[PDB]
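Side chains are part of it too, since the values below use all heavy atoms of this structure and drop only hydrogens, waters and symmetry mates. Just so it is clear: chains get the letters A, B, ... in the order the sequence lines come, proteins before strands, and each one is counted from 1.
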There are 2 protein chains.
Amino acid sequence: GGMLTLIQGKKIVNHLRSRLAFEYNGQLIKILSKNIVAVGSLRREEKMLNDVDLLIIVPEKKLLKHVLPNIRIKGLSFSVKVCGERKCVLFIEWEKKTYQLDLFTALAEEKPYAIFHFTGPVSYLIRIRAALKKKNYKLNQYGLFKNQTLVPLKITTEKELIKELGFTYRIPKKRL
Amino acid sequence: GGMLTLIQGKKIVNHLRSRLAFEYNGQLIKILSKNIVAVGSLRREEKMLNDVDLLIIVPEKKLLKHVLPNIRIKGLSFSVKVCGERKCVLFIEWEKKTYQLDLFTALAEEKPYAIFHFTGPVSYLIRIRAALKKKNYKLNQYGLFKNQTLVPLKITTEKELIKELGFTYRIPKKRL
DNA sequence: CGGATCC
DNA sequence: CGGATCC
Ligand SMILES: Nc1nc(=O)c2ncn([C@H]3C[C@H](O)[C@@H](CO[P@@](=O)([SeH])OP(=O)(O)O)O3)c2[nH]1
Ligand SMILES: [Mg+2]
Ligand SMILES: [Mg+2]
Ligand SMILES: [Mg+2]
Ligand SMILES: [Mg+2]
């Protein structure tokens, strides 16, 4: 897939917001715009993008086997490179050029952890995770853990998570 | 990529044996037939194949960065799905149809370990590796290890390795 | 079972 | 740093 500008990326996401769905035992189920979050370098507002990253919030655990493996995009040509329940990489046709669209799934209880992880950048995550690791924690896209056990934080948003973990909140574009 | 018969697989490999090369800083370097080993289900003589698996023996460590990342196949149309120094998955055109060709690299000192690993089947490797793990060993495609340290076995062929590890030698078709 | 490539 | 999907 080719490289994209920030504006092209934003246009693609806007187009996708009303056109994503999945087939669930023969029933086409629309994915709601409020359950679609732009993540990756697009959310970080980088000028050129290697691809478009979208996080899909899935309301029930039982649906994970169905959402990405039966993804549908109304009116857009695409093919599937790799796909499972948690990551699906698509090549899409947009204005006669091919681009990479990366789809990820999070459960509702994972959402802020997923947003934080998929926003990156990678260097920033490594640093954050290394610091938490010194205190016997493990942070991933699913939660904060200690001794392989979920640490139940009383948080809803990404901003609350970042502050609860003991770090300075920064807007996605200023994370490093 | 589509499914193949064993005889189609054998025909593809035969065709490839004289046509594989890599570009090394602008220089086309032929890969020799003696350094190309059929592995996977093809070596196990299964009647249908999901793909063709080839192991390429690379004579120097410095070449690993060049071989698969600059692979060339004379006269054959192909595209690259994923590729690094150790695994490269290609989709090739053969007669009217697209098939998957999986390429792997081993260094000369790894060869018997690589052949054993890439022959499979997976179930057989799991069983073998589980048994070795009980005795505090780790077996992979690169060597036999204990406490993260290479166990220098005095072996050259796959048959010698299998017997040295304490298992019954079986021909690839009879491994399970 | 264990590793490669990719996110 | 940590995990997904694939070999
Ligand atoms: N240790 C180990 N774990 C695995 O999951 C695994 N998957 C594949 N392989 C090795 C053995 C296979 O014969 C070879 C080629 O990969 P394929 O998926 Se084309 O398997 P095959 O159907 O046997 O041709 O790589 C594996 N080896
Ligand atoms: Mg991206
Ligand atoms: Mg991406
Ligand atoms: Mg195979
Ligand atoms: Mg294969």
Side-chain angles (χ1 to χ4, degrees), chain A residues 1 39-43 49-55 64 68-69 80-90 100-106 110 113-114 116-145 148 165 167, chain B residues 1 39-42 49-55 64-65 68-69 80-90 100-106 110 113-114 116-145 148 165 167:
Chain A
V39 293
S41 60
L42 180 40
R43 188 179 181 234
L49 311 177
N50 288 310
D51 44 68
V52 178
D53 302 301
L54 292 180
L55 179 64
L64 283 173
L68 300 185
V80 183
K81 184 178 107 86
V82 306
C83 199
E85 295 184 14
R86 292 292 195 165
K87 178 178 67 187
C88 194
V89 180
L90 308 190
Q100 184 165 315
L101 173 64
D102 284 354
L103 302 181
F104 308 101
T105 52
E110 304 165 358
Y113 301 95
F116 189 52
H117 168 97
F118 290 107
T119 296
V122 177
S123 64
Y124 174 66
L125 298 181
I126 288 173
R127 180 170 73 76
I128 289 282
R129 288 169 176 206
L132 288 165
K133 188 172 206 192
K134 295 201 281 190
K135 305 181 175 156
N136 199 37
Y137 289 104
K138 185 189 61 162
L139 181 67
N140 65 26
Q141 62 264 53
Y142 307 125
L144 180 70
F145 300 82
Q148 297 81 35
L165 294 171
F167 298 104
Chain B
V39 293
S41 60
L42 195 151
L49 311 177
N50 279 293
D51 47 63
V52 179
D53 302 300
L54 292 181
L55 180 63
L64 283 173
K65 74 182 79 70
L68 300 185
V80 183
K81 182 190 173 206
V82 305
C83 202
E85 295 184 15
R86 293 291 195 165
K87 178 178 68 186
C88 195
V89 180
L90 309 190
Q100 184 166 315
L101 173 64
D102 289 349
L103 303 181
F104 309 100
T105 52
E110 304 165 359
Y113 301 95
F116 188 52
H117 168 97
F118 290 107
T119 297
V122 177
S123 64
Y124 174 66
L125 298 181
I126 289 173
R127 182 172 108 247
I128 289 282
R129 289 169 176 206
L132 288 165
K133 188 172 206 192
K134 295 201 281 190
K135 305 181 175 155
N136 199 35
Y137 290 104
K138 185 189 62 161
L139 181 66
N140 63 28
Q141 63 264 54
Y142 306 125
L144 179 71
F145 300 82
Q148 297 81 35
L165 294 171
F167 297 104

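- Panel note: side chain A:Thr105, backbone A:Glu85; a donor-acceptor pair is recorded below 3.5 Å.
- Mapping A:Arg127 and B:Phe104 onto DNA chain D by nearest heavy atom places A:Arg127 closer to the 5' end of the strand.
- Put simply, CG on B:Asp53 is 15 Å from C1' on C:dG3, counting in whole angstrom units.
- Taking the nucleotide of DNA chain D with the nearest heavy atom to each of A:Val122 and A:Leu68, the more 5' of the two is matched to A:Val122.
- For the pair B:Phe116 CZ and C:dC1 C1', the computed distance is 12 Å after rounding to whole Å.
- The distance between atom OH of B:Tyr124 and atom P of C:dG2, rounded to the nearest whole Å, is 15 Å.
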A:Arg129 vs A:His117, side-chain contact (heavy atoms from CB on, under 4.5 Å): CA-CA, chis, key distance, verdict: CA-CA 10 Å; A:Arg129 288 169 176 206; A:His117 168 97; 3.0 Å; yes
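- Atom P of nucleotide D:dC7 and atom CG of B:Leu90 are separated by 12 Å, given to the nearest angstrom.
- The two residues A:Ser41 and A:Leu49 come nearest to each other via the heavy atoms OG-CD2, 3.3 Å.
- The side chain of B:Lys87 approaches D:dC6 more closely than any other nucleotide in the set D:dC6, D:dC1, C:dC6.
- To the nearest angstrom, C1' of D:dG3 lies 15 Å from CD of A:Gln148.
- Side-chain proximity of B:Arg86 to the nucleotides C:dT5, C:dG2, C:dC7 is greatest for C:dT5.
- Protein atom CG of A:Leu42 is 16 Å distant from nucleotide atom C1' of C:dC7, rounded to whole Å.
- Among all heavy-atom pairs drawn from A:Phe104 and A:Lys87, the shortest one is CE2-CG, 3.7 Å.
- For B:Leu55 and C:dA4, the CG to P distance is 14 Å, given to the nearest whole Å.
- DNA chain C lies under 4.0 Å from at least one heavy atom of each of the following residues of residues 135-145 of chain B: B:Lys138, B:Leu139, B:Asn140, B:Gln141, B:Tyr142.
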Worked verdict on B:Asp51 versus B:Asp53 for side-chain contact (heavy atoms from CB on, under 4.5 Å): CA-CA 7 Å; B:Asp51 47 63; B:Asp53 302 300; 3.2 Å; yes
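- Look at B:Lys81 and you'll find a side-chain N or O under 4.0 angstrom from OP1 or OP2 of D:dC7.
- One can place CG of B:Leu103 at 13 Å from P of D:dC7, the figure rounded to the nearest angstrom.
- For A:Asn140 against A:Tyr113, the heavy-atom pair with the smallest separation is O-CB, 3.8 Å.
- The side chain of B:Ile126 lies closest to C:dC1 when the candidates are C:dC1, D:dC7, D:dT5.
- Annotation for A:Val80 and A:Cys88: closest pair CG1-SG, 4.2 Å, computed over non-hydrogen atoms.
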